[PDB]
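Fold and contact review
What follows is each chain in one-letter form.
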Amino acid sequence: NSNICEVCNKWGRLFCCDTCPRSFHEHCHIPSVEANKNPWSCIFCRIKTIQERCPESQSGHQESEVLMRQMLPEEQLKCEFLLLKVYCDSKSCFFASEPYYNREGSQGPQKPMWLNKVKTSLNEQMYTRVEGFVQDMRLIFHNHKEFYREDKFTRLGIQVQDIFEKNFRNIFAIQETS
Ligand SMILES: [Zn+2]
Ligand SMILES: [Zn+2]
Ligand SMILES: [Zn+2]
């Protein structure tokens, strides 16, 4: 097993996956690491098993169809993994916790959003469709773009949204296009 958390790349109190070499802090893993379960398989392993059980699940899909899916167990898991993949980028620290807005010449967004809130929402089963999760994720970066305007700090929004979008296309097997 690894000696650092796969998500935040620090040492500490780590839980080890029994079926791959990754390790996690308790609350870096999504969902949080389960109390018992021996053996324990992490989210990367669980996502790999889905693919192996249904190899056709990797054929191309339309984004519009993916968004309308109901949050059954397997879509729930995919959304948790996609959220995890964003937290894996150290630039997610800017979007994790509840933001505030007091900048000359800007007004704050009508509907603030942050990664920990989406985390909570997923954990409490508040999303009924994939569309709900994806809207809130994209709202995070859109609020950032709009508020920071021509400050070069807007680029953090672009960069973390690219991580999100690439991972979304990968995890939900969106049809490749030019
Ligand atoms: Zn960690
Ligand atoms: Zn694993
Ligand atoms: Zn099958």
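Residues numbered from 1 in each chain as written, not as in the entry; some residues may be left out. Chains lettered and ligands numbered in written order. Heavy atoms only, no water. Residues with missing side-chain atoms left out of burial classes, pairs and counts.

Going by the header, the method for this PDB entry is X-ray crystallography, and the resolution given is 2.1300 Å.

1. Some details on helix 6 (residues 130-148)
Its 19 residues give helix 6 an end-to-end C-alpha distance of 28 Å, which sits within 8% of 27 Å, the value for a rise of 1.5 Å per residue. The complete set of buried residues in helix 6 reads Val130, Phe133, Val134, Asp136, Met137, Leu139, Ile140, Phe141, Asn143, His144 and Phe147. Packed against the buried residues of helix 6 are helix 2 (63-68), helix 3 (73-87), helix 4 (93-96), helix 5 (115-123) and helix 7 (154-171). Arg149, located one to two residues past helix 6, shows a positive phi value of around 55 degrees. (Helix = DSSP H or I, 4+ residues; strand = E, 2+ residues; numbered from the N terminus. Expected span 1.5 Å × (residues − 1). Buried < 20%, exposed > 50% of the residue type's maximum accessible area, 1.4 Å probe, protein only. Contact = heavy atoms within 4.5 Å.)

2. Observations concerning helix 5
One turn of the α-helix equals 3.6 residues, which is why residues spaced by three or four share an orientation. Every buried residue belonging to helix 5 is among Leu115, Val118, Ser121 and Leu122, and all of these are buried. End-on view of helix 5: buried residues confined to an arc of 120 degrees, all on one side of the axis. (Arc of directions from axis to C-beta.)

3. Description of empty space enclosed by the protein
Taken as a whole, the largest cavity holds about 60 Å³ of empty space. Lining the largest cavity are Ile47, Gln51, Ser57, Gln58, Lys78, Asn170, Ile171 and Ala173. Of all the secondary structure elements, the ones that give two or more residues to the lining of the largest cavity are helix 1 (43-53) and helix 7. Here the lining of the largest cavity is composed, by residue class, of 3 nonpolar, 4 polar and 1 charged. Two domains each put at least three residues into the lining of the largest cavity: domain 1 (1-59) and domain 2 (60-178). (1 Å grid on protein atoms, 1.4 Å probe; cavity = no way out; pocket = protein on both sides within 12 Å on 5 of 7 lines; lining within 4 Å. Points joined across faces, edges and corners; volume = space filled by probe spheres on them. Nonpolar A, V, L, I, M, F, W, Y, C, P; charged D, E, K, R; others polar. Domains from an automatic or database assignment.)

4. With respect to the coordination of the zinc ion (ligand 2)
Coordination of the zinc ion (ligand 2) by the protein involves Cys17 (SG), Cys20 (SG), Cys42 (SG) and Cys45 (SG), with metal-donor separations of 2.2 to 2.5 Å. Along the chain, the residues donating to the zinc ion (ligand 2) fall in the pattern C-x2-C-x21-C-x2-C. Accessibility assignment for this pair places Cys42 and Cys45 in one class, buried. (Donors = N, O, S within 2.8 Å, 3.2 Å for Na, K, Ca; no water.)

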